[PDB]
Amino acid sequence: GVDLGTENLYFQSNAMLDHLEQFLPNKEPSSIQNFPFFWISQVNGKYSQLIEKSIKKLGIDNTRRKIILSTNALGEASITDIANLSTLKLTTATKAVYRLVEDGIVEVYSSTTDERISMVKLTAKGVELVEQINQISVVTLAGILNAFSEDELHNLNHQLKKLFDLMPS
């Protein structure tokens, strides 16, 4: 029984349920490998270990790495926005931003449009560390992503986006 945004409760078609059972973990030892979120979780976890392990050298962690690349891409950003893009809790994000200010990697500054919003931007040191991050990326990633065509990867991004956009909160 779902509500689909209403004051009533709806029991979905046995069709929707059959299709969904083609993908759900069940009593069969290989059900799990049909589940797209299983694979998203497994890929995220194996990737997370790889990147943490190799970004080691630069004496930062992947939390700081994402903050820096989000600031880089955006130029100036909402700590909020950086957190969002970096898949972080706002508290985790704020904590790591100040750790990067303390290291002289980013400048934080009151937003000109609205003093409350803390904007973030790189320092000269921030920018050199970006190229270092990009080079460690080259090393660890070039083989993996050169194993796919431009078509496969753009398609995969599209499907991941479609998934991301159907989920709510």
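Sequential numbering from 1, following the sequence displayed.
**Q** Per the PDB record, is the mean Cα temperature factor higher over 40-48 or over 56-64?
**A** It is 56-64 that shows the higher mean C-alpha B-factor.
**Q** Please compare 116-124 with 65-73 and name the stretch with the higher mean C-alpha B-factor in the deposited structure.
**A** The stretch with the larger average C-alpha B-factor is 116-124.
**Q** Using the temperature factors of the C-alpha atoms in this entry, rank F23 within its chain: lowest, middle or highest third.
**A** For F23, whose C-alpha B-factor we compare with every modelled residue in the chain, the answer is the middle third.
**Q** What third of its chain, lowest, middle or highest, does the C-alpha temperature factor of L17 fall into?
**A** Tercile = middle for this residue's CA B-factor.
**Q** Going by what the PDB entry lists, where does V101 fall on CA B-factor within its chain: lowest, middle or highest third?
**A** Ranked within chain, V101 CA B lands in the highest tercile.
**Q** Split the chain's modelled residues into thirds by Cα B-factor; is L163 in the lowest, middle or highest one?
**A** Ranked within chain, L163 CA B lands in the lowest tercile.
**Q** When the modelled residues of the chain are sorted by Cα temperature factor, does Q33 land in the lowest, middle or highest third?
**A** It belongs to the lowest third of the chain when residues are ordered by C-alpha B-factor.
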